[PDB]
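Participant: what follows is a protein structure lacking sequence information:
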């Protein structure tokens with residue numbers, strides 16, 4: 001197993017959605033077929049949503065992210081091993097934009 005520290009870059013795509021780029025981390029030792037992403041609300045710690053991605057996607061766009069609520073994101077790359085180089089990313093959302101630019 002050869003993983004490493006986080007590897008997620010969040011950015012304000014469009015609206016409240018955030019682009020969390022999955023940066024190809026050191027694979028456990030086998031090519032990843034799909035990425036299992038699970039995220040939840042920081043306020044609520046009793047549920048975990050699911051989001052699957054293609055090992056070639058290397059990115060995901062999440063929608064419906066209120067400006068007054070944060071949510072944790074957990075990336076898990078699934079290779080022949082099953083799961084490796086997981087990324088536990090966490091970040092709250094900023095207040096409603098006043099410049100509606102970024």
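Facilitator: Happy to help now that I have it. Numbering: from 1, shown residues only.
Participant: surely residue 91 meets residue 10?
Facilitator: Yes. If you go by CB atoms under 8 Å, residue 91 and residue 10 touch, sitting 5.8 Å apart. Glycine gets a C-beta too; all of them are placed from N, C-alpha and C.
Participant: intersection of neighbour lists for the two?
Facilitator: Residues within reach of residue 91 and of residue 10 at once, by CB atoms under 8 Å, 6 or more residues apart in numbering: there are none.
Participant: can you pull out the strands in this structure?
Facilitator: Along the chain, counting by DSSP state E, strands occupy 8-9, 18-22, 34-41, 49-54, 60-62, 71-78, 84-91.
Participant: closest to residue 101 out of these?
Facilitator: strand 18-22 (15.7 Å; CB to CB).
Participant: mind listing what's buried in the closest one?
Facilitator: 18, 20, 22 (16 or more other CB atoms under 10 Å).
Participant: need the contact list for the first one.
Facilitator: Read it as residue 18. Contacts of residue 18 by CB under 8 Å, 6+ apart are 10, 11, 12, 61, 62, 65, 93.
Participant: what of the last one?
Facilitator: Each residue near residue 22 by CB under 8 Å, 6+ apart is listed here: 7, 8, 35, 53, 57, 58, 59, 60, 75, 77, 87.
Participant: just the buried members of the residues you listed?
Facilitator: Buried by 16+ other CB under 10 Å: 7, 8, 35, 53, 59, 60, 75, 77, 87, out of those.
Participant: how about those in JSON lines, adding distance to residue 29?
Facilitator: Listed next are the buried ones among the contacts of residue 22 as JSON lines, based on distance: CB to CB, whole Å:
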{"residue": "7", "distance to residue 29": "17"}
{"residue": "8", "distance to residue 29": "21"}
{"residue": "35", "distance to residue 29": "17"}
{"residue": "53", "distance to residue 29": "20"}
{"residue": "59", "distance to residue 29": "23"}
{"residue": "60", "distance to residue 29": "24"}
{"residue": "75", "distance to residue 29": "18"}
{"residue": "77", "distance to residue 29": "12"}
{"residue": "87", "distance to residue 29": "17"}
